Amino acid sequence: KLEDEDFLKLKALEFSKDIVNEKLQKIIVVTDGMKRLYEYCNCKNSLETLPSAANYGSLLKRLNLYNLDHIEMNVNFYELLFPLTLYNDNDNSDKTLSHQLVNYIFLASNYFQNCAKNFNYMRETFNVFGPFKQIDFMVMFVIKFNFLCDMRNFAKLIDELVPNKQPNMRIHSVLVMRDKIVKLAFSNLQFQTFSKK
Amino acid sequence: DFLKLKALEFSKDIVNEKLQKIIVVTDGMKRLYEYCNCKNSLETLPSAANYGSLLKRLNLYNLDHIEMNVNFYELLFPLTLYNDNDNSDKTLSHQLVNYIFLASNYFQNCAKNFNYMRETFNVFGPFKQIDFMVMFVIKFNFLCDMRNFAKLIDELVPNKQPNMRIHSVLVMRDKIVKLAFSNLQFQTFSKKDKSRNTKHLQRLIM
Amino acid sequence: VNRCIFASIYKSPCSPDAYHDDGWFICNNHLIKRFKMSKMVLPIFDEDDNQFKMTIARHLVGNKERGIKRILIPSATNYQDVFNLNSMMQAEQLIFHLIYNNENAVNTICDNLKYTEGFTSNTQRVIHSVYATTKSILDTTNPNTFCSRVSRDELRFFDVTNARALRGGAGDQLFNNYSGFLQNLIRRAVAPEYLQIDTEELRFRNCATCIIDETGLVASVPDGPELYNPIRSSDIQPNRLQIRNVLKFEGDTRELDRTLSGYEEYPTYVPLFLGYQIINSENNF
Amino acid sequence: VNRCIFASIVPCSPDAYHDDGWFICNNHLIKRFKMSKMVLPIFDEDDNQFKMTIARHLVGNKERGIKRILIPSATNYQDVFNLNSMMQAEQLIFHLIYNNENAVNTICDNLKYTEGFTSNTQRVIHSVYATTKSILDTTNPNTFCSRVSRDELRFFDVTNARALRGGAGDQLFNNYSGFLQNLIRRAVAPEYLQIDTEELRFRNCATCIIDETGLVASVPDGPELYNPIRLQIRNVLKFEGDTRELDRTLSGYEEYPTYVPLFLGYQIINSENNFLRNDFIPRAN
Amino acid sequence: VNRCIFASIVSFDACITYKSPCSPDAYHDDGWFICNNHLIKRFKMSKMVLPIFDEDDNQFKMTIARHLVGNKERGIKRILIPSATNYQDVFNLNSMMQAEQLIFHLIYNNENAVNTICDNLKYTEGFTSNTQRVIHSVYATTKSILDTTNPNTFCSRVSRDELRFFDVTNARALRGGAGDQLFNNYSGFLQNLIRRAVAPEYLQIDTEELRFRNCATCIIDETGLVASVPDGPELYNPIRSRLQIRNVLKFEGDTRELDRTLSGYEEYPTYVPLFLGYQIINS
Ligand SMILES: [Zn+2]
Ligand SMILES: [Zn+2]
Ligand SMILES: [Zn+2]
């Protein structure tokens, strides 16, 4: 079924290519060291904490080659999803996807809430899964990874639609009022007297 | 070269970093890193006249790569966690906290008044991505000034133990910082399909 | 004075509170008659300023009842025979056809009345004045109209994050297509499970109370057996035998209640919640 | 005769003068575990009246960490019962309850070290001691001529009940101190009842958990529900618009309180419905 | 004798009569030609007096005003006065009564629309009535105020010797900029009233330069006046004489009788003053 998922990703690629009209290329991508991007199966993505993500404990090797360690990584759900709001009105006379999008956003919010609540002990379970204390950092990446795969799945569902000129302000309002508390949640992440670490 | 030789020597000498490293203070990056040479100011908004050549360089480069948020807590918190003993520790703590407040107020004003800034910059920089350019350039100007401040204040500073007072002030500032971000209207209008549109999430993996 | 649709119309023991300014447009008497629900209140507050004495409602469905019996409020789908309007008075049938937008039936009714002497001579005034009065309710509901006087500073959601349900969401289409006064009644009956506030968000119940389906509103928990609920049975044919089984446990020594009654007791009843509500931090304007 | 476990102290609320298996004044239940002695109306109104013991959950919403603990385990008891904040008698009482013989004897020697003991107040103190000890003595189910429960069982999980499965909370309770076990059984209404005739489910969500540290106020999922309870900040939050006046209709409507009940575990009744004996029994499985 | 412009305004019809008229201050001679009532009702300001020393208790005094805008509002709300660019949208004139709109368009010299409405009214019975006379009397008042002095003698002397720099106190406040240069643009009535309303932060005389505040309370504006700080968060403006959240995380404050102890001590006021740049004076 991997081949099927590849095929459907290619179909989303075709959609993207057809909708986009201009490359505007050769503007230098100085920032990006896009070395060897790779993906893993999105199954089980509705929930989290499984050692299936730990299964590739070999990731320490690629980390040592090219760490990209980011302490205390935080997320701007607004900045991510905002472009995608301009689609429901391409077709008309239904919440053809927005009826789903709204609750999907709320579910993502609650996911963030719950994983924030839970990680504080799941550290130890992930150390059980692999004793490398460095895991304690490397865990966090998976927290995003999971929803990254969620978005990657969702992209297959709705790629028929192209930016509306002017969004429903209700969507923006929701995005703001949720994301504010979302980002606030990170505040409570803290450190306690590690001495000369 | 003294800007290196003052403190990068200690940075290389230390082999003891266990929680968080000084990832870059005089390190890495390439030709983009070199434009910063004037004594930038945190006291006031940047002087648009000083950066036009940087704008003309930026015209060649894509800026959407970098997230809006400063990471005001994330990046800075670790870079303060060390000290001497009580002698002049008052000087250290107080001057730090004052620099903190300065940075705070800087960002605040930036947020409040960005409109005027981007507009005025675009006046002479009629570039299609001028908004992203000014956006980033704020960041980078700040970062360069802060880098120079780091080179100046770099010290023996071996002792390490958290000061709950400092961390309390930290959280108190940063929460409102993020709140200011949130208050930003974040390009809500004008369709902003002029953007790269998040590269459609290029190839589903980027 | 009454706003009850039945009071608009023999005797109706209409609830006196239907005369008292709360636009349910129906007595609890008739909420029983046709739907077996009770209107109720939930005061909420920080400092017992008690700004938020929100209305709510509960059902009285029997826990062992299944199928149509669990449908709290039918969709237009099959509503004709879910209600069995054919058994009902022509006034009732007309009212329900108005609610369900059955203008075809309205026409048929008016045609059948046309040649009847009881329509020509008299009662045309009754029919059309009652119709106008009823339509006034629509004109006082339906935010698309009524001076947009429904807005009322807050925005409601129902199909929100149905626990482990799959990625999706539906039925608000039918919700909107139902007469807006029905939707207002739904807002009155079912408080949101969560509220957004200018500053913050708040939660009221852990687990879901009810579901809306294409068939209509249906009382179910998400999972497992339905929570036990005896009917209150305080209130309501002999032309034919009527029968019911019931399981009774016939306790004794209850006078120990001499001791037990001295201590406080907790409700055992059926609040209904669904979805979010939101107070806008800032007007869109 | 009063039999609050704190009536030994040398004030209890008047209810403590009655016999109850709480063995506590409501005053002390408030002051230490923040909860009210209550019952529940298991009153199917068709002349089928019953009640069950409860204490409504009331500990605050914003609590964190150890604050979440409503009652600590012996493994963590003093972290909440910071004895330095607590009087010697209280400390000794908790030591006994946790079978802390070491602390018991330590306090016994502290009696001597308190040179003021020469006034022979030790005699009264030890009398009070024995008075308190009486209660544990009476409640010990293991005593050879204690009467085990007929027909009755309780477990801390639906599946552990139905299939006799082992599990965390069950084993914790089994290892747990006998008197406090009994107090738990007194307080905690089940999520479920198995009668051979029928299984009754009372909620699809089950309040807050028990863990090795103690009773934890954490819901399984999502944020906590609201709890409407000198150099300190009152931090008051207040809201506008007062209340529009419908108060007659409001008082005519049914009033739910905001109280948080207990719904944890699974009960079983088997081979006969015969519970309504009203003598005290330790009532072990 | 009465001279408030709003007192001069009269209703076109018996309904919407000008009840709640100008207060007695309309009769008074501050030379602002506006009751403080209407100053509130249209601009969210209250006039005040600054006493001044002639180097002495010997009387010197100058008029001032406080703004009434709250700390939390932004944009249009903060705009105290429009430009001719935007007055139309700021006022929503069609909300306002036709005579009001008339007067405003006269103030902005929108003669096109003004006389268009006049030409429509000509043969209307209500305008064959003396409303025309009313309007031309207000025109004569304008002549007697402006052509006599405001863009004339007053403009002349302001452009001859005793200018005020309505200018940024410190050039780093580039958000202010040379917007003083825009002062040239407005109708002389408005320019005069602005000058009368706003104090400088400084005065130069042969007796010294006098500093009346450390830091400017205001900023110059892109169209018309806008209440805003030159720098930082807006300073708290209190306000004096609905399904809203009104949390106030107050300190518990059990120290009762505070004022019964303290009331002798000076009860320092809070309302925002108005400062801008430098005035210059010779004797
Ligand atoms: Zn009625
Ligand atoms: Zn007691
Ligand atoms: Zn006036």
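Chains as they are written, first to last, in the entry's author numbering: chain b, 472 to 668; chain c, 477 to 682; chain Y, 15 to 23, 32 to 258, 262 to 310; chain X, 15 to 24, 35 to 253, 265 to 320; chain Z, 15 to 255, 265 to 306. Ideal placement from N, C-alpha and C gives every residue a C-beta, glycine not left out.
So, at 8 Å on beta carbons, what are the nonlocal neighbours of residue i in its own chain, with the 5 sequence-adjacent residues on each side left out?
{"i": "residue 19 of chain X", "result": "47, 48, 52, 117, 156 and 159"}
{"i": "residue 297 of chain Z", "result": "78, 79, 80, 81, 211, 212, 213, 231 and 232"}
{"i": "residue 203 of chain Z", "result": "121, 156, 159, 160 and 164"}
{"i": "residue 343 of chain X", "result": "Nothing in the structure corresponds to residue 343 of chain X, since chain X is present only between 15 and 320."}
{"i": "residue 178 of chain Y", "result": "209, 214, 300, 301, 302 and 303"}
For residue i, I'd like the list of residues in its chain whose CB is within less than 7 Å of its CB, leaving aside the five on either flank, ordered along the chain.
{"i": "residue 494 of chain c", "result": "none"}
{"i": "residue 41 of chain Y", "result": "15 and 16"}
{"i": "residue 630 of chain c", "result": "482, 483 and 486"}
{"i": "residue 244 of chain Y", "result": "185 and 230"}
{"i": "residue 646 of chain c", "result": "549 and 553"}
Look up residue i in the DSSP assignment and say whether it is helix, strand or coil.
{"i": "residue 213 of chain Z", "result": "strand"}
{"i": "residue 238 of chain X", "result": "strand"}
{"i": "residue 77 of chain Y", "result": "strand"}
{"i": "residue 485 of chain c", "result": "helix"}
{"i": "residue 609 of chain b", "result": "helix"}
{"i": "residue 59 of chain Z", "result": "strand"}
{"i": "residue 108 of chain Z", "result": "helix"}
{"i": "residue 205 of chain X", "result": "helix"}
{"i": "residue 148 of chain Y", "result": "helix"}
{"i": "residue 69 of chain Z", "result": "coil"}
{"i": "residue 498 of chain b", "result": "coil"}
{"i": "residue 537 of chain c", "result": "strand"}
{"i": "residue 96 of chain X", "result": "strand"}
{"i": "residue 665 of chain c", "result": "coil"}
What residues of chain Z sit near residue i, judged by a beta carbon separation below 9 Å?
{"i": "residue 276 of chain X", "result": "265, 266 and 267"}
{"i": "residue 520 of chain c", "result": "186, 187 and 188"}
{"i": "residue 273 of chain X", "result": "268, 269, 270 and 271"}
At a CB-CB cut-off below 7 Å, which residues of chain b make contact with residue i?
{"i": "residue 247 of chain X", "result": "584"}
{"i": "residue 544 of chain c", "result": "547 and 550"}
{"i": "residue 679 of chain c", "result": "484"}
{"i": "residue 664 of chain c", "result": "643"}
Residues of chain c with a CB under 7 Å from the CB of residue i: which are they?
{"i": "residue 189 of chain Z", "result": "589 and 592"}
Beta-carbon within less than 6 Å of residue i's beta-carbon, same chain only, minus the 5 sequence neighbours each way: which residues are those?
{"i": "residue 554 of chain c", "result": "496"}
{"i": "residue 656 of chain b", "result": "587"}
{"i": "residue 238 of chain Z", "result": "95, 96 and 97"}
{"i": "residue 180 of chain Y", "result": "299 and 300"}
{"i": "residue 90 of chain Z", "result": "none"}
Could you name the residues of chain X that residue i contacts, counting a contact when the two beta carbons are closer than 9 Å?
{"i": "residue 134 of chain Z", "result": "The contacting residues do not exist; residue 134 of chain Z stays about 45 Å from chain X at best."}
{"i": "residue 227 of chain Y", "result": "229 and 249"}
{"i": "residue 176 of chain Y", "result": "Going along chain X, no residue has its Cβ under 9 Å from residue 176 of chain Y, so there is no contact; the nearest lies around 12 Å."}
So residue i contacts chain Z; which residues on that side make the cut at Cβ distance below 8 Å?
{"i": "residue 219 of chain Y", "result": "268"}
Can you name the residues of chain X whose CB is closer than 7 Å to the CB of residue i?
{"i": "residue 581 of chain b", "result": "246"}
List the residues of chain Y whose Cβ lies closer than 7 Å to the Cβ of residue i, in chain order.
{"i": "residue 496 of chain b", "result": "None at all; the shortest Cβ gap to chain Y is about 35 Å."}
{"i": "residue 578 of chain b", "result": "183"}
{"i": "residue 212 of chain X", "result": "What residue 212 of chain X touches in chain Y: nothing, since even the nearest Cβ is about 14 Å away."}
Report the neighbours of residue i on chain b: residues whose CB is nearer than 8 Å to its CB, in chain order.
{"i": "residue 554 of chain c", "result": "542"}
Kindly list, in the order they appear in chain b, the residues whose Cβ is closer than 9 Å to that of residue i.
{"i": "residue 602 of chain c", "result": "Per Cβ cutoff of 9 Å: no residues; residue 602 of chain c is ~17 Å from chain b at best."}
List, in order along the chain, the chain Y residues whose C-beta lies closer than 8 Å to that of residue i?
{"i": "residue 64 of chain X", "result": "290, 291 and 293"}
Using the beta-carbon of each residue, find all residues closer than 7 Å to any heavy atom of ligand 1 and list them in chain order.
Y:16, Y:18, Y:20, Y:21, Y:34, Y:36, Y:37, Y:40, Y:48, Y:49, Y:51 and Y:52
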